[PDB]
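Enquirer: Here is my input, please return the structure:
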Amino acid sequence: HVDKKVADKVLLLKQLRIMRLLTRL
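Expert: Numbers count the residues shown, from 1 in each chain. Take a look:
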């Protein structure tokens, strides 16, 4: 069921912290 970008979700979910720290919102 590989629609598209079938990974980013994982990155944002896992990186979540790293993401908010890196970015802001």
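
Enquirer: give me phi/psi at the residue nearest the centre of the chain?
Expert: Ranked by distance to the mean C-alpha position of the chain (Cα atoms, centre = their mean), the top residue is residue 12 at 1.4 Å. When read as degrees, to the nearest 10, the backbone of residue 12 gives phi -60, psi -40.

Enquirer: For it, list the residues it contacts.
Expert: residue 19 (Cβ atoms under 8 Å, 6 or more residues apart in numbering). From N, CA and C alone the C-beta is placed, and that goes for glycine too.

Enquirer: how does it look with 6 Å?
Expert: By Cβ atoms under 6 Å, 6 or more residues apart in numbering, residue 12 lies in contact with nothing.

Enquirer: ok, it to residue 24 distance?
Expert: Residue 12 sits 14 Å away from residue 24, taking Cβ to Cβ, to the nearest Å as the criterion.

Enquirer: burial of residue 9, as a residue count?
Expert: Residue 9: 9 surrounding residues under other Cβ atoms under 10 Å.

Enquirer: Figure out the helix or strand that it lives in.
Expert: For residue 9, the element it lies in under DSSP states H and E is helix 8-22.

Enquirer: Over to residue 6?
Expert: Per DSSP H and E: residue 6 is located in neither a helix nor a strand.
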